[PDB]
């Protein structure tokens, strides 16, 4: 395709409804000059981004997408079998038990920058195998047992691991691996303040914006309409690294710490001002929260929507607290539905996969180690599995689940 042809096709694409309300501080010619003469296709990223966009605009089963953090390809596989519509890939879970340094870390961006994309690839590879198994058995799209295994993957890009070029390279790796959406945040975890009423440190609004622009540019160069999730940690961060951006002057207290940080007035107002600033550069806005407060959620949503009506929002929980300690059972039950009616169409439990995994190993192990080992394995795992069969669980047939049937057909064809 000629350069001029590529420029014209982009200019036209940015007029499409997918890009309504999105701001780009660069031109189509800027994008096309960074591509090179050959631009490799990223099939899974293309499919994931398209699918995610549709689910967020009327095709989800419940009107909203609710996800659970997953740290292995196999956890994501079971989610797809259970009916989950999008996979959430948590950086925290990766730091603790699935990173490339092969170490257990706390959530402070200590792992090698290419660790999340590595997990994205594992998940997509698992999805491909399942799809192959299914296709080779002749079960085709639109069959009474046809499971669509390619769930869009939402991945945690932390703060980009450095400057704008670092965020640019990480975005590229996420896309090449097949992620459907990526989230960037405005706190600098690498410099969290120690001691004295310390905590998370924000970067100036402008710096956080350049990272979103860096991720959008990389996406545009590759030609995939990847969803960009702008996250703000300003609700709880009362420290900023600098006062260079006039937009933040109203939250700057004047006091300075020994590191050179400037104190700010933390709270929903600062969160709202970050939310509004990132809105035109992202497809989804997320305001990090630590408590299940429906009223605060409404307020945050109303504020963003007064300026950007219909803007898509995301809502999380780790969860770090005891929901039952904070709320009554009926509110716990209708929590996600209420959020959805406020505009939170993407909701998730960030650490569900690790809590699920670690707790169940502990539970089985604890009984097993005391004796009567096989009875515990039978009562805690096998019996529950047989009962789950009715619901779509097929791992009871463990050889087939991992491709044994698929590879047998390969073998038979080769020696055919």
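Residue numbers count along the first chain shown, from 1.
Between the stretches 353-361 and 374-382, it is 374-382 that shows the larger average CA temperature factor. Between the stretches 226-234 and 314-322, it is 314-322 that shows the larger average CA temperature factor. Between the residues 160, 178, 195, 112, the entry's highest C-alpha temperature factor is the one at 195. For the set 345, 265, 216, 298, the PDB entry puts the maximum C-alpha B factor at 265.
In this PDB entry, residue 139 carries a Cα temperature factor that places it within the highest third of its chain's modelled residues.
Ranked within its chain, residue 107 lands in the middle third, by CA B factor from the PDB record. Per the deposited record, the Cα B-factor of residue 190 falls in the highest third when ranked against the other modelled residues of its chain. Per-chain ranking of the deposited C-alpha B factor places residue 199 in the highest third. Compared with the other modelled residues of the chain, the Cα B-factor recorded for residue 10 ranks in the highest third.
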